[PDB]
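Student: One file: model_24.pdb (PDB, C-alpha atoms and all ligand atoms).
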ATOM      1  CA  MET O 343      92.287  32.331 217.187
ATOM      2  CA  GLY O 344      92.043  28.585 216.694
ATOM      3  CA  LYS O 345      94.685  25.902 217.136
ATOM      4  CA  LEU O 346      97.644  26.024 214.753
ATOM      5  CA  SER O 347      97.884  23.116 212.341
ATOM      6  CA  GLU O 348     100.532  20.518 213.080
ATOM      7  CA  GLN O 349     102.849  22.010 210.463
ATOM      8  CA  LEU O 350     102.334  25.546 211.791
ATOM      9  CA  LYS O 351     103.085  24.265 215.326
ATOM     10  CA  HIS O 352     106.439  23.104 213.974
ATOM     11  CA  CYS O 353     106.874  26.533 212.330
ATOM     12  CA  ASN O 354     106.094  28.226 215.632
ATOM     13  CA  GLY O 355     108.686  26.012 217.317
ATOM     14  CA  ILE O 356     111.313  27.055 214.779
ATOM     15  CA  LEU O 357     110.401  30.709 215.306
ATOM     16  CA  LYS O 358     110.769  30.387 219.081
ATOM     17  CA  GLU O 359     114.166  28.766 218.549
ATOM     18  CA  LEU O 360     115.321  31.544 216.200
ATOM     19  CA  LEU O 361     114.401  34.073 218.907
ATOM     20  CA  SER O 362     116.049  32.072 221.718
ATOM     21  CA  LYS O 363     119.238  32.950 223.590
ATOM     22  CA  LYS O 364     121.261  30.099 222.086
ATOM     23  CA  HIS O 365     121.195  31.815 218.680
ATOM     24  CA  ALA O 366     121.260  35.438 219.819
ATOM     25  CA  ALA O 367     124.889  36.027 218.811
ATOM     26  CA  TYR O 368     123.899  35.941 215.127
ATOM     27  CA  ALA O 369     120.097  36.329 215.339
ATOM     28  CA  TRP O 370     119.891  39.725 217.025
ATOM     29  CA  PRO O 371     120.024  41.912 213.871
ATOM     30  CA  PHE O 372     116.842  40.169 212.711
ATOM     31  CA  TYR O 373     114.754  40.672 215.843
ATOM     32  CA  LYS O 374     113.028  43.917 214.826
ATOM     33  CA  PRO O 375     112.273  45.903 211.647
ATOM     34  CA  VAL O 376     115.288  47.668 210.163
ATOM     35  CA  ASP O 377     115.152  51.306 211.298
ATOM     36  CA  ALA O 378     116.716  52.859 208.212
ATOM     37  CA  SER O 379     116.996  56.401 209.529
ATOM     38  CA  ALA O 380     118.446  55.209 212.848
ATOM     39  CA  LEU O 381     121.123  53.189 211.032
ATOM     40  CA  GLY O 382     121.785  55.925 208.475
ATOM     41  CA  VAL O 383     120.923  53.652 205.566
ATOM     42  CA  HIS O 384     118.870  56.174 203.637
ATOM     43  CA  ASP O 385     118.683  53.988 200.538
ATOM     44  CA  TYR O 386     117.322  50.922 202.360
ATOM     45  CA  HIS O 387     113.680  51.348 201.356
ATOM     46  CA  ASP O 388     114.607  52.127 197.767
ATOM     47  CA  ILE O 389     116.404  48.799 197.562
ATOM     48  CA  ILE O 390     114.244  46.658 199.872
ATOM     49  CA  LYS O 391     110.615  46.799 198.749
ATOM     50  CA  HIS O 392     109.298  44.219 201.222
ATOM     51  CA  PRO O 393     110.954  44.492 204.647
ATOM     52  CA  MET O 394     110.669  41.531 206.985
ATOM     53  CA  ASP O 395     111.967  40.593 210.450
ATOM     54  CA  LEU O 396     111.331  38.033 213.173
ATOM     55  CA  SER O 397     109.047  40.264 215.277
ATOM     56  CA  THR O 398     106.786  40.697 212.255
ATOM     57  CA  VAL O 399     106.780  36.936 211.619
ATOM     58  CA  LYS O 400     105.900  36.397 215.299
ATOM     59  CA  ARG O 401     103.021  38.881 215.141
ATOM     60  CA  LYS O 402     101.715  37.236 211.980
ATOM     61  CA  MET O 403     101.863  33.792 213.613
ATOM     62  CA  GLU O 404     100.078  35.054 216.745
ATOM     63  CA  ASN O 405      97.411  36.692 214.588
ATOM     64  CA  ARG O 406      96.994  33.510 212.512
ATOM     65  CA  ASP O 407      97.973  35.412 209.383
ATOM     66  CA  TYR O 408      99.885  32.408 207.989
ATOM     67  CA  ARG O 409      97.574  29.868 206.476
ATOM     68  CA  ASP O 410     100.291  27.268 205.970
ATOM     69  CA  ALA O 411     103.963  26.432 206.542
ATOM     70  CA  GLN O 412     104.880  27.562 203.033
ATOM     71  CA  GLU O 413     103.679  31.092 203.704
ATOM     72  CA  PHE O 414     105.664  31.214 206.949
ATOM     73  CA  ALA O 415     108.836  29.948 205.262
ATOM     74  CA  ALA O 416     108.520  32.469 202.450
ATOM     75  CA  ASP O 417     108.563  35.320 204.995
ATOM     76  CA  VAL O 418     111.563  33.968 206.904
ATOM     77  CA  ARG O 419     113.411  33.518 203.616
ATOM     78  CA  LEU O 420     112.368  37.015 202.477
ATOM     79  CA  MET O 421     114.008  38.395 205.626
ATOM     80  CA  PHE O 422     117.295  36.660 204.754
ATOM     81  CA  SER O 423     117.046  37.672 201.097
ATOM     82  CA  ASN O 424     116.665  41.328 202.013
ATOM     83  CA  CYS O 425     119.895  41.044 203.975
ATOM     84  CA  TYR O 426     121.708  39.409 201.042
ATOM     85  CA  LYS O 427     120.292  42.025 198.664
ATOM     86  CA  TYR O 428     121.227  45.148 200.602
ATOM     87  CA  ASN O 429     124.617  44.188 202.048
ATOM     88  CA  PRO O 430     127.871  43.222 200.337
ATOM     89  CA  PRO O 431     128.483  39.456 200.575
ATOM     90  CA  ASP O 432     131.511  39.878 202.851
ATOM     91  CA  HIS O 433     129.654  41.974 205.474
ATOM     92  CA  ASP O 434     129.461  40.663 209.058
ATOM     93  CA  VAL O 435     125.645  40.790 209.028
ATOM     94  CA  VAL O 436     125.554  38.554 205.940
ATOM     95  CA  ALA O 437     127.632  35.928 207.759
ATOM     96  CA  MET O 438     125.135  36.127 210.616
ATOM     97  CA  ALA O 439     122.223  35.741 208.191
ATOM     98  CA  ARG O 440     123.829  32.653 206.631
ATOM     99  CA  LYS O 441     124.240  31.089 210.070
ATOM    100  CA  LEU O 442     120.667  31.800 211.167
ATOM    101  CA  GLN O 443     119.348  30.574 207.822
ATOM    102  CA  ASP O 444     121.264  27.335 208.329
ATOM    103  CA  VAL O 445     119.476  26.867 211.649
ATOM    104  CA  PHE O 446     116.170  27.662 209.981
ATOM    105  CA  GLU O 447     116.518  25.496 206.881
ATOM    106  CA  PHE O 448     117.698  22.382 208.666
ATOM    107  CA  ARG O 449     114.860  22.468 211.180
ATOM    108  CA  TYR O 450     112.259  23.465 208.574
ATOM    109  CA  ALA O 451     113.319  20.349 206.649
ATOM    110  CA  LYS O 452     112.214  18.270 209.666
ATOM    111  CA  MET O 453     108.586  19.299 209.054
ATOM    112  CA  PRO O 454     106.146  16.544 210.073
TER     113      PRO O 454
HETATM  114  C1  LIG O 501     120.480  48.088 207.401
HETATM  115  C2  LIG O 501     121.654  47.638 206.589
HETATM  116  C3  LIG O 501     122.900  47.210 207.362
HETATM  117  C4  LIG O 501     123.763  48.426 207.781
HETATM  118  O1  LIG O 501     124.642  48.825 207.012
HETATM  119  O2  LIG O 501     123.631  49.084 208.940
HETATM  120  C5  LIG O 501     124.478  50.191 209.253
HETATM  121  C6  LIG O 501     122.473  46.374 208.627
HETATM  122  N1  LIG O 501     123.631  45.930 209.482
HETATM  123  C7  LIG O 501     123.480  45.632 210.706
HETATM  124  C8  LIG O 501     124.715  44.929 211.371
HETATM  125  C9  LIG O 501     126.017  45.380 211.169
HETATM  126  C10 LIG O 501     127.132  44.765 211.773
HETATM  127  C11 LIG O 501     126.898  43.687 212.590
HETATM  128 CL1  LIG O 501     128.295  42.919 213.343
HETATM  129  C12 LIG O 501     125.655  43.214 212.822
HETATM  130  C13 LIG O 501     124.571  43.852 212.206
HETATM  131  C14 LIG O 501     122.131  45.669 211.382
HETATM  132  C15 LIG O 501     122.100  46.144 212.697
HETATM  133  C16 LIG O 501     120.928  46.251 213.490
HETATM  134  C17 LIG O 501     119.695  45.873 212.993
HETATM  135  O3  LIG O 501     118.551  45.972 213.752
HETATM  136  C18 LIG O 501     118.606  46.484 215.102
HETATM  137  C19 LIG O 501     119.694  45.383 211.650
HETATM  138  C20 LIG O 501     120.881  45.258 210.846
HETATM  139  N2  LIG O 501     120.765  44.739 209.452
HETATM  140  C21 LIG O 501     119.984  43.689 208.796
HETATM  141  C22 LIG O 501     119.001  42.808 209.402
HETATM  142  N3  LIG O 501     120.302  43.678 207.502
HETATM  143  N4  LIG O 501     121.221  44.620 207.242
HETATM  144  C23 LIG O 501     121.526  45.282 208.382
HETATM  145  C1  LIG O 502     124.107  30.739 202.984
HETATM  146  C2  LIG O 502     122.947  30.627 202.016
HETATM  147  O1  LIG O 502     122.525  31.918 201.652
HETATM  148  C3  LIG O 502     121.801  29.889 202.670
HETATM  149  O2  LIG O 502     122.259  28.618 203.064
HETATM  150  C4  LIG O 502     121.287  27.742 203.577
HETATM  151  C5  LIG O 502     121.972  26.439 203.926
HETATM  152  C6  LIG O 502     120.976  25.480 204.535
HETATM  153  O3  LIG O 502     123.010  26.687 204.849
HETATM  154 CL    CL O 503     109.901  30.046 199.778
END
Would you mind giving the structure from this file in structure tokens?
Ligand SMILES: CC[C@@H](C(=O)OC)[C@@H]1N=C(c2ccc(Cl)cc2)c2ccc(OC)cc2-n2c(C)nnc21
Ligand SMILES: C[C@H](O)COC[C@H](C)O
Ligand SMILES: [Cl-]
Tutor:
Amino acid sequence: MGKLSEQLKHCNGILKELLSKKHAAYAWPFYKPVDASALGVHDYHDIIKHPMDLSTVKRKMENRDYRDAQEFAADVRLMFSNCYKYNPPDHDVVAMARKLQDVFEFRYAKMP
């Protein structure tokens, strides 16, 4: 697959951290694709045109889909944006998204 660039190594590090046990209390809703039928949210795919989640980001990293850090970051941010778009701002899952995005943005800012 070829060695990840230095910046994408940092991105992969961030991804591993987001999936790690220390953040699980607020990261878990973002681990896998939203299953709209399972959750009973039958309007989800009318509202969210481009679903994203951490397992999909991980697959894309493993498959070398991301050509740079910017592309990676856009997907992680898309995941958070979908959450902010679908849910009311006072929902528990939105608070969790904000917390995980704080973890993400502060470490992404430490890009070599
Ligand atoms: C799908 C919409 C929303 C919902 O109303 O579910 C019933 C959902 N809430 C939740 C959610 C609701 C309350 C709390 Cl405390 C945590 C997550 C949700 C749950 C599981 C899951 O994957 C297994 C994804 C979730 N998620 C994400 C991401 N963004 N919005 C949600
Ligand atoms: C809570 C906002 O939607 C995202 O905040 C990012 C900041 C680094 O906490
Ligand atoms: Cl972006």
Student: Please compute the atom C11 of ligand LIG 501 (chain O)-CA of residue 367 (chain O) distance, one decimal, in Å.
Tutor: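 Between atom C11 of ligand LIG 501 (chain O) and CA of residue 367 (chain O) the gap is 10.1 Å.
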Student: Can you pull out the residues contacting region 416-429 of chain O? Cut-off 10 Å, using all atoms listed in the file, and skip same-chain residues under 2 positions away; I want them as JSON, numbers by chain.
Tutor: {"O": [357, 371, 372, 375, 383, 385, 386, 387, 389, 390, 391, 392, 393, 394, 395, 396, 398, 399, 402, 408, 411, 412, 413, 414, 431, 432, 433, 434, 435, 436, 437, 438, 439, 440, 442, 443, 446, 447]}
Student: Which distance in Å separates CA of residue 388 (chain O) and atom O2 of ligand LIG 502 (chain O), to one decimal?
Tutor: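 Interatomic distance, CA of residue 388 (chain O) to atom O2 of ligand LIG 502 (chain O): 25.3 Å.
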Student: Which residues fall under the PyMOL selection byres (((chain O and resi 453) around 9) and not hetatm) in this file, as an NGL selection string?
Tutor: :O and (349 or 352-353 or 411 or 449-452 or 454)
Student: If the box runs along x, y and z of the file and leaves 8 Å on each side of region 378-392 of chain O, what are its centre and edge lengths in Å, one decimal, as lines of an AutoDock Vina configuration file?
Tutor:
center_x = 115.5
center_y = 50.3
center_z = 205.2
size_x = 28.5
size_y = 28.2
size_z = 31.3
Student: Would you compute the distance between atom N2 of ligand LIG 501 (chain O) and CA of residue 379 (chain O)? Give it in Å to one decimal.
Tutor: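 Atom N2 of ligand LIG 501 (chain O) sits 12.3 Å away from CA of residue 379 (chain O).
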Student: Just so the selection is clear, what residues does the PyMOL selection byres (((chain O and resi 345) around 12) and not hetatm) cover here, as a list in words?
Tutor: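 That expression, the PyMOL selection byres (((chain O and resi 345) around 12) and not hetatm), corresponds here to residues 343, 344, 346, 347, 348, 349, 350, 351, 354, 403, 404, 405, 406 and 409 of chain O.
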Student: Quick one: of O:381, O:361, O:356, O:445, who's nearest to residue 397 (chain O), counting only C-alpha atoms?
Tutor: O:361
